[PDB]
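Heads up: the structure comes next, in structure tokens.
There are 2 protein chains.
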Amino acid sequence: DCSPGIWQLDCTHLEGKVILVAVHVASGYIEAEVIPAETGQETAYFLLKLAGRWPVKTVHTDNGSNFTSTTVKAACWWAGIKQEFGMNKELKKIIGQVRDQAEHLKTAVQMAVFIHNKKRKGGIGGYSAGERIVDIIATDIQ
Amino acid sequence: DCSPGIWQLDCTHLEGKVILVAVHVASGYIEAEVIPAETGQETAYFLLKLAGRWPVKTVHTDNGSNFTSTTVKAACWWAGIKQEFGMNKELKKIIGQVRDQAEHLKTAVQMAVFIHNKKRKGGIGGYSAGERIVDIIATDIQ
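Taken in order, these protein sequences are the chains called A and A'. A prime marks a further copy of an entry chain. Counted the way PDB author numbering counts, the first sequence spans residues 55 to 140, 154 to 209. Counted the way PDB author numbering counts, the second sequence spans residues 55 to 140, 154 to 209.
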């Protein structure tokens, strides 16, 4: 969809807890983490992990206040990430479906991420989001 | 070095805390997490996240007792991971170097992972571990 270095990052709420969700816009690849509460500290930490794993250039969110803390700005500065774009409902569904097999929300979320990233799109060039991100980035794009 | 689906997973100790470290044997790519204590619960959770991100087939460790819990076995079973192979000192050094700039061990570890995964090997085909893993997997190997 967009440039290989573009990511979307938002927080979802479930069972009182908060689920931090990062989506690689161009591939549909998801990466998530369950955290106690929405704090700049947690967002900054998550951004750093994402940055050391993929070539993160820009991150966009649907709630700008999410990135106003000095903690976040500090993480972005160090990692060389700039703001604004330069599967939450589905994921929530899969979590709901798998929540029985999982003994905790954390597990259910990671089971849902696994499922989502592995599901091959039945069609032309039927790849999975997990495969797509690797390919997209492999082509020295990001 | 080895097959694209092979990973090494061990726990390191620093400042009282435990650092879970996963290394993609064939690329040198590292992925880490700082945790309170070495428990099967934490190892199982980490394995699940790694599995939904990369095509993890086999995981090896230097301490077999690390994978004897039913919790771990349960994670491996669900994710389809089998045992035994089918940069900790360097990382520890980088952490030591960056620990000043980082306000917490967690941050220093993620800064060290970023640094390690991004450092291009000055030589023939000078790629970074981060680039190597993507390429290795991109070639539909794993």
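Think of the CB as a built atom: it goes at the ideal place given N, C-alpha and C, for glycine as much as any other residue.
Identify the contact partners of residue i in chain A, using a Cβ-Cβ distance below 8 Å as the criterion.
i, result
"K160 (chain A')", "Chain A residues near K160 (chain A'): none, gap ~16 Å exceeds 8 Å."
Name the DSSP bridge partner or partners of residue i?
i, result
"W61 (chain A)", "A:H78 and A:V113"
"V88 (chain A')", "A':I73"
"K136 (chain A')", "A':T112"
"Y83 (chain A')", "A':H78"
"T206 (chain A')", "According to DSSP, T206 (chain A') bridges with nothing at all."
"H67 (chain A)", "A:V72"
Quick one: list the residues of chain A' neighbouring residue i, beta-carbon separation under 9 Å, in chain order.
i, result
"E85 (chain A)", "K103, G106 and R107"
"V180 (chain A)", "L102, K103, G106 and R107"
"residue 145 (chain A)", "Within chain A, the sequence of modelled residues goes 140 then 154, so residue 145 (chain A) has no position in this structure."
Please report the straight-line C-alpha distance between residue i and residue j, rounded to a whole angstrom.
i, j, result
"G118 (chain A)", "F100 (chain A')", "30 Å"
"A128 (chain A)", "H183 (chain A)", "31 Å"
"residue 142 (chain A')", "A76 (chain A')", "Between 140 and 154, chain A' has no modelled residues, which means residue 142 (chain A') does not appear in the coordinates."
"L68 (chain A')", "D167 (chain A')", "15 Å"
"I89 (chain A)", "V176 (chain A)", "11 Å"
"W132 (chain A')", "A105 (chain A')", "10 Å"
"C65 (chain A)", "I73 (chain A)", "6 Å"
"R107 (chain A')", "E157 (chain A')", "24 Å"
"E198 (chain A)", "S81 (chain A)", "8 Å"
"residue 142 (chain A)", "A169 (chain A')", "Structure remark: chain A lacks residues between 140 and 154, so residue 142 (chain A) is without coordinates."
"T115 (chain A')", "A179 (chain A')", "21 Å"
"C130 (chain A)", "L102 (chain A)", "8 Å"
"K71 (chain A)", "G94 (chain A)", "16 Å"
"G163 (chain A')", "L63 (chain A')", "21 Å"
"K173 (chain A')", "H78 (chain A')", "21 Å"
"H171 (chain A)", "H171 (chain A')", "27 Å"
"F181 (chain A)", "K111 (chain A')", "14 Å"
"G140 (chain A')", "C56 (chain A')", "9 Å"
"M154 (chain A)", "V113 (chain A)", "16 Å"
Quick check on the burial criterion: 16 or more other C-beta atoms within 10 angstroms. Buried or exposed for residue i?
i, result
"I161 (chain A')", "buried"
"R187 (chain A)", "exposed"
"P58 (chain A)", "buried"
"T97 (chain A')", "buried"
"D202 (chain A')", "buried"
"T206 (chain A)", "exposed"
"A91 (chain A')", "exposed"
"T124 (chain A)", "exposed"
"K136 (chain A')", "exposed"
"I60 (chain A)", "buried"
"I84 (chain A)", "buried"
"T122 (chain A')", "exposed"
"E87 (chain A)", "buried"
"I191 (chain A')", "exposed"
"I208 (chain A')", "exposed"
Strictly below 7 Å CB to CB, what residues from chain A' border residue i?
i, result
"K173 (chain A)", "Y99"
"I204 (chain A)", "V201"
"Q137 (chain A)", "The contacting residues do not exist; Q137 (chain A) stays about 19 Å from chain A' at best."
Mind pulling the chain A' residues with CB within less than 8 Å of residue i?
i, result
"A133 (chain A)", "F181"
What in chain A is Cβ-close to residue i, meaning under 7 Å?
i, result
"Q62 (chain A')", "Chain A residues near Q62 (chain A'): none, gap ~17 Å exceeds 7 Å."
"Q164 (chain A')", "Those within 7 Å of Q164 (chain A') in chain A number zero; the least Cβ separation is about 14 Å."
Looking at residue i and the ligand MG, is the gap between the Cβ and the nearest heavy atom below 7 Å?
i, result
"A91 (chain A)", "No copy of the ligand MG occurs in the structure displayed, which carries no ligand at all."
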